[PDB]
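>>> pasting the sequence and an experimental structure:
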Amino acid sequence: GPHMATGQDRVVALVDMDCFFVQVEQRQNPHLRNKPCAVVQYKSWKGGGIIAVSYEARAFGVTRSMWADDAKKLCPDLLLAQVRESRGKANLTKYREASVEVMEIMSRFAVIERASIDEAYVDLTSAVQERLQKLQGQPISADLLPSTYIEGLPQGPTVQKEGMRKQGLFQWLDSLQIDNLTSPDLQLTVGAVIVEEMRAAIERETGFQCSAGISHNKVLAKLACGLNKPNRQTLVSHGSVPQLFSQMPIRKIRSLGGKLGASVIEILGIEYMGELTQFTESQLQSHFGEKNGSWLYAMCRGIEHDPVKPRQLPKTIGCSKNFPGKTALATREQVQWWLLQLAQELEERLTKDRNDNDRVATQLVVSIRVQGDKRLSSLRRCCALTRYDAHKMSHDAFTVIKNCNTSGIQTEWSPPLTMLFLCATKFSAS
DNA sequence: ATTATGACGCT
DNA sequence: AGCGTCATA
Ligand SMILES: [Ca+2]
Ligand SMILES: [Mg+2]
Ligand SMILES: [Mg+2]
């Protein structure tokens, strides 16, 4: 009843760049613009592995993780841009720097949480209050929401896409109560107006387009964002949740795409998020633990409390390289050469980070994989990170791992290593 | 032989 | 601490 919380206390958005690495390359090389194209890393093995795909290329069935040689079978005219290689390895600097461009623009509108290289959550609650004041009871024009979809509309008593969008938008705005400064639906709508503005600024100042979700929490915002891509934004209201979830596979919700989601489906014998409402909170906690159970009980009702954390910078800086199949490292000289290559890239990024962001990493984590282990990581050991010096870091990394060498011979390494990873962590102010 | 990342949970 | 899960380009 009147004491039942409804998770409508915040306005949260999730902004996510469209085919991000592709846009970065298309900005740089106008010949790639408005083409089926993809970004690939390496080239020798099957033409390289695809890591990003333009929407034009997606239409041919080209996807992430496809080998370029195979993508070309689906899309013969597919254009490719290659990730830079430095020190024998893929170097992602260009995309990290482009990400900083976008994050800095977003930060002008609101506090953001960097969620990945190309997405951020935004807490718009305060910005919406402010805007509502300027608005002075004044209605919101559809003109202010030129790329917004309202999930669930139109409904009730045209055959084109933009026409449908506008019909739904009209129904939404027609039903809005603008004299109520605490109406959650109104708050969301003003949130969407601001996100249009944010998205316009990103595109004007970088050339990059993005999509966005606006709702009352991060999970719904994230879900909303993916509903209409590319170059569009979607508002998911509290009221839209029961219908939206009634046919929403559990795996589509953030954090349920893996083993836990599979267990929810298996144990409960359900398929869709909305089906969760029929279980008590204790029932869910009994299956999935106290934390997950409470989370599931609220989430299937559209409610979630995880805050947008004030964090624009990554918490770790790492460098890693796989050495698959035949290329596995089998000599000490090999292992040491590559630890050095990694350590040199890490030093470069750490030094730039110290200058830009006034902080220093204090721990170095070293991880490897050995030929034969199904797990991505085989062994992870940390040591002190006291100086930004590549030779020192690589010498230290070798020290902490050198006893993983089964080989009775000093010069030989066995079993061969199929992955090396150096990660700087535990930052302190400087 | 997707690879190169990055955040957070468990014990 | 070291390991596991889930996620994104
Ligand atoms: Ca994206
Ligand atoms: Mg993304
Ligand atoms: Mg993606």
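Arrived safely. Residues are numbered from 1 along each chain as shown, chains lettered A, B, ... in the order given. Ligands and ions are numbered 1, 2, ... in the order given.
>>> and the helices in chain A?
A:20-28, A:55-58, A:68-74, A:93-106, A:125-135, A:161-174, A:184-206, A:218-225, A:241-246, A:259-268, A:281-288, A:290-299, A:332-357, A:390-401 (DSSP state H).
>>> what packs against the longest strand along chain A?
Ranked by number of residues, the top strand in chain A under DSSP state E is strand A:412-429. If you count contacts as 3 or more CB pairs under 8 Å, 6 or more residues apart in numbering; DSSP states H and E, strand A:412-429 packs onto strand A:317-322, strand A:329-331, helix A:332-357, strand A:359-370. In this view, the C-beta of every residue, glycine as well, is placed from N, C-alpha and C.
>>> can you add mean neighbour count and give the ones you listed back as TSV?
Formatted as TSV, the helices and strands packed on strand A:412-429 follow (neighbours: other CB atoms under 10 Å):
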stretch	mean neighbour count
strand A:317-322	18
strand A:329-331	18
helix A:332-357	18
strand A:359-370	19
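>>> got the buried residues for the longest strand of chain A?
By neighbour count with 16 or more other CB atoms under 10 Å, strand A:412-429 contains the buried residues A:413-424, A:427.
>>> still on that earlier bit, to DNA strand B, which of the helices and strands packed on strand A:412-429 lies closest?
When the helices and strands packed on strand A:412-429 are compared by CB to the nearest atom of the strand, strand A:317-322 sits nearest DNA strand B, at 3.5 Å.
>>> what separates that closest one from the chain centre, distance-wise?
How far strand A:317-322 lies from its chain's middle: 18 Å, per CA atoms, centre = their mean, to the nearest Å.
>>> now swap in stretch A:338-355 and tell me
24 Å.
>>> what's the answer for stretch A:313-331, then?
21 Å.
>>> between the helices of chain A, which gets nearest to ligand 2?
Checking these against ligand 2 by CB to the ion gives helix A:20-28 as the closest, at 6.8 Å.
>>> export that closest one as PDB, just CAs?
Provided in PDB are the C-alpha atoms of helix A:20-28 (Å, rounded to 0.1, in the frame of the first residue of the first chain):
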ATOM      1  CA  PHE A  20      32.600   2.800 -30.600                       C
ATOM      2  CA  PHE A  21      35.900   1.700 -32.000                       C
ATOM      3  CA  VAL A  22      34.400   1.900 -35.500                       C
ATOM      4  CA  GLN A  23      33.300   5.500 -35.000                       C
ATOM      5  CA  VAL A  24      36.800   6.300 -33.700                       C
ATOM      6  CA  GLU A  25      38.300   4.900 -37.000                       C
ATOM      7  CA  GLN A  26      35.600   6.600 -39.200                       C
ATOM      8  CA  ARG A  27      36.200  10.000 -37.700                       C
ATOM      9  CA  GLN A  28      39.900   9.600 -38.600                       C
END
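>>> right, is that helix up against ligand 2?
No: between helix A:20-28 and ligand 2, judged by CB under 5 Å from the ion, nothing touches; the nearest distance is 6.8 Å.
>>> in that helix, what's buried?
Under 16+ other CB under 10 Å, the buried positions of helix A:20-28 are A:20-26.
>>> so which of these is the closest to DNA strand B?
Closest to DNA strand B out of those is residue A:21 (10.6 Å), distances taken as CB to the nearest atom of the strand.
>>> so how far is residue A:299 from the closest one?
Computed with CB to CB, to the nearest Å, the distance linking residue A:21 and residue A:299 is 31 Å.
>>> do residue A:102 as well
Distance from residue A:102 to residue A:299, by CB to CB: 28 Å.
>>> is ligand 1 contacted by stretch A:7-14?
No: Stretch A:7-14 lies out of reach of ligand 1 by CB under 5 Å from the ion, never closer than 10.4 Å.
>>> quick one: end-to-end distance for that stretch.
End-to-end distance for stretch A:7-14, by CA to CA, to the nearest Å: 17 Å.
>>> surely residue A:7 touches residue A:304?
Yes: counting by CB atoms under 8 Å, residue A:7 touches residue A:304, with 6.5 Å between them.
>>> so what sits against both of these two?
Shared contacts of residue A:7 and residue A:304, defined by CB atoms under 8 Å, 6 or more residues apart in numbering, are found at A:217, A:298.
>>> and residue A:210, bridged to which residues?
residue A:17 (DSSP bridges).
>>> nearest to residue A:293, of the buried residues of helix A:20-28?
residue A:20 (35.2 Å; CB to CB).
>>> list the contacts of residue A:187.
Residues near residue A:187 by CB under 8 Å, 6+ apart: A:11, A:125, A:128, A:132.
>>> center of chain A - which residue?
residue A:116 (4.0 Å; CA atoms, centre = their mean).
>>> follow-up on the earlier one: now the contacts of residue A:187 in TSV, with neighbour count and distance to DNA strand B?
As requested, these are exported to TSV (neighbours: other CB atoms under 10 Å; distance: CB to the nearest atom of the strand, whole Å):
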residue	neighbour count	distance to DNA strand B
A:11	28	20
A:125	16	19
A:128	24	24
A:132	19	30
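>>> closest to residue A:387 out of those?
Proximity of the contacts of residue A:187 to residue A:387 was ranked by CB to CB; the top entry is residue A:125 with 43.2 Å.
>>> tell me which parts of chain A are close to DNA strand C?
A:16-17, A:19-22, A:39, A:51-52, A:64-65, A:115-119, A:253-261, A:375-377, A:379-382 (CB under 7 Å from any atom of the strand).
>>> buried subset of those residues, written for ChimeraX?
Buried residues among these (16+ other CB under 10 Å), as a ChimeraX selection:
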select /A:16,17,19,20,21,22,39,51,52,115,117,118,119,253,254,256,260,261
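>>> restricted to strands, list the residues of chain A next to DNA strand C.
Short answer: these in strands (DSSP E) are A:16-17, A:39, A:51-52, A:115-116, A:119, A:379-382.
>>> and which of those residues is nearest DNA strand B?
Closest approach to DNA strand B among these (CB to the nearest atom of the strand): residue A:51, at 5.3 Å.
>>> residues touching the closest one, list them.
A:21, A:38-41, A:64-65, A:83.
>>> export these to JSON lines and tack on distance to residue A:171?
Listed next are the contacts of residue A:51 as JSON lines, based on distance: CB to CB, whole Å:
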{"residue": "A:21", "distance to residue A:171": "37"}
{"residue": "A:38", "distance to residue A:171": "39"}
{"residue": "A:39", "distance to residue A:171": "40"}
{"residue": "A:40", "distance to residue A:171": "44"}
{"residue": "A:41", "distance to residue A:171": "46"}
{"residue": "A:64", "distance to residue A:171": "36"}
{"residue": "A:65", "distance to residue A:171": "40"}
{"residue": "A:83", "distance to residue A:171": "45"}
